[PDB]
């Protein structure tokens, strides 16, 4: 029981959590070297001068939900190293002018739900180091940025979401026009926004504007978007919240005002309204370099065949009637993930495409894969995991540049009917784990000479036997054969794999541990043999492990702990320094010893 208790020591000398411990005062029982202090949920109520004198080293200070009602001049005066101060959910009634003097290093100030009514009198003007101000969930009615904002030269994030702003006027942003270093992100979500004045954002430059769930109606939305005219935004995020008041209609005119801003990246994040189709909807965003829809519903996806100039398209957690037909000349990166509905993949035409993420859609793929499915010869990265049945009919013709291929948990078919990976001379990473591949062809991995990582857990092999299907895979460093119902190894399966570092043989059906097949694995560091049925091993077969082996996992096997197997049990003691979680290595038999840790075994042999 230590001097810092009841607080929890997260990182000795450094980080202490004194959350919810009925502390009525800043504790005095902590190291002077403490950098991170969590004092959230304590009835501190009041913060007088030099309240944190005991913590000259503090960098992160959390005072969330501490019932703090008044903070006096100099309260933090000694904390010239503090970068993060968190004040969330304190009903602040009185906040002295010098409340935050001494905070010479403050980068992040979280004042969420601290009863803030106005930024004008909010005593932070002197914190020139401030990178982020979060004042969400307060009572601010005015987007008039006070003049001291001219001082906040490093401000990169300002969060004003969940306040009471109804209107934004041109003269509200007077201060911003004077201002140099602009990497400014602004969240204005969940303000009951009824009007933004045309001109208000003329010649304003923002990194990011988030405006979700601001608008009572479509017309109010249209009105307010017009007031953004001339805004220059790297990233614009529109949309609304599912658990929140939502727009009742949403037609082609809804985003017509976007034609008057300069937007590099666009996201629409959640829309309640079911879109019949997108004809004309996104006309102002045809040349945005990044276009993203999340959680929107679109019945007719026929209209995605339009040649937008997007370089990055992201469609996530959407519901589409059909798989979109995509013909995008400039698209480099496609993320189409976690979508529902129509879900048979159909050919896309994407000549610039290098990055393809098609995962987690439950997609069917009638005949995979080649340039003609995608329209590109430049693909480096293909993620087709967590989908439906993918029938292999082409061995990646035209996709010779692929470096990363993931089919994980997709039901692959026809995997043994030809060398389905033959074209892939540059593939570095392949995951065909849990694809229900039943290996019945020794040429299954022909072509994969650059392969470094091969995950194929949870498949199976003809005769539960591992044949020599790897001899061409010289550059392999990671191989996962766990859950493959393996019973026998070809003594030669692994001979060429002299770069292999991690071999996973977990959860297969081995009854003994034969080290011979592993003798040529000069780089082998990690060998996982857990969750097999290993009961014994002959002395001779235990001797061939490369000495590079650092982690052997033999946990959860069926060790027989009689004198008949003394050599194996002895060998296990001898290799203790290689063995992982020896606690979890238990005698399965005899019943005398069942449950007894193999290393602490009491036997006389």
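Positions refer to the first chain, counted from 1.
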query	finding
Mean temperature factor over C-alpha atoms, higher-scoring stretch between 94-102 and 223-231	94-102
Residue range whose averaged C-alpha B-factor is higher in the record, 554-562 or 65-73	65-73
Of the residues 447, 309, 277, 362, the one carrying the largest Cα B-factor as recorded	277
Top residue by Cα temperature factor, when 491, 443, 342, 239 are compared in the entry	342
Chain third (lowest, middle, highest) by recorded CA B-factor, residue given as residue 79	highest
Chain third (lowest, middle, highest) by recorded CA B-factor, residue given as residue 47	highest
CA B-factor ranking of residue 128, expressed as a third of its chain	highest
Ranked C-alpha temperature factor of residue 406 among modelled chain residues, by third	lowest
Position of residue 142 among the chain's modelled residues by C-alpha B-factor, lowest, middle or highest third	highest
